[PDB]
Structure formats: structure tokens, C-alpha cells
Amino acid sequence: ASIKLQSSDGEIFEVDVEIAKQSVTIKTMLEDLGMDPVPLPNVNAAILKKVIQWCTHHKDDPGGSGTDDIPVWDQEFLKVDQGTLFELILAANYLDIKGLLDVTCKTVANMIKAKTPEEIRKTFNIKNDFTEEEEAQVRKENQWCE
């Protein structure tokens, strides 16, 4: 069957019940609270199209989890820019969609492993806000090998 979601910015989405119920948030508001349509104040139409697209792809992907190797399709699906990834994390959390949260978060982690402090800055922006003294300490305290 099909059910109605309302994005934060007022746009309605017709969704297959079994794909939508991957969001525990939606499932709850649907089954326990009987909301029709389901209003999602923290998710606009844009990211909500992407969330539904992801769920639709994994509507059978029986979790399963497999946290280890990030699927090929998902990796292309997040060739997306930094802003969007950030929203996808927030929407996955809001909507409670464990698979999407995990994937998107691993994807950010991967932008960290294993660069040097400096290379992590040139990726994430970040100003070195340490004094001369502090940076001496941090380098010393977080020394790897030697």
C-alpha cells in the first residue's frame, strides 16, 4: 500500500508503506500515532527525495548490516557534496534509519583515515587554533610509534 509524507517545506510524497517503514520515526508516527500525512518538520523536499531513493534501493537489502566494505551503489550515491552529506546524516538520525546513518557516517570517517593533521584540515577546512605551546603538547601526547 501507499502513504503520504509531508516535507518541512510543504511538498507531499506518495510512498510504499514497506519502504517508508524503514524510518522508525515514520513507522511510529504512522502505526502508533496515526498521522496522515506524516509531517517531517526537519527534512525538506530535496533531502527527502534522496532518503526515499536510498530506502527504495534497499527495500530488500536485509540488514544484515555488513559494516565493512561500503557498497558500490551507495558510494556513487554519495559522490554528492559536503553540505548534502551533512543533511543526510541529520535526516537519517531524525528519521531513524540505521543503515543510512551508518553508511553516511562511515563515508565521512573515510575522509579522515589516514591523513596527517594538516591534510585533514585541507579537507575539512579547520584553522589550527592551538598556540605554539598547545600544539607541542598535542603532538607529544598523540605521538604514534616513537
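All residue numbers are counted from 1 along the displayed sequence.
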Worksheet item: Looking at the deposited entry, does 87-95 or 74-82 carry the larger mean Cα B-factor?
Response: 74-82
Worksheet item: Between 102-110 and 52-60, which has the higher average C-alpha B-factor in the PDB entry?
Response: 52-60
Worksheet, complete the sentence: Per the deposited B-factor column, the C-alpha that peaks among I19, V138, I12, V24 belongs to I19
Fill in: Where the record places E132 (Cα B-factor, split into thirds across the chain)
highest
Worksheet item: Should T116 be placed in the lowest, middle or highest third of its chain by the C-alpha B factor in the entry?
Response: middle
Practice prompt. Could you tell me which third, lowest, middle or highest, the C-alpha B-factor of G66 occupies within its chain?
Written response: highest
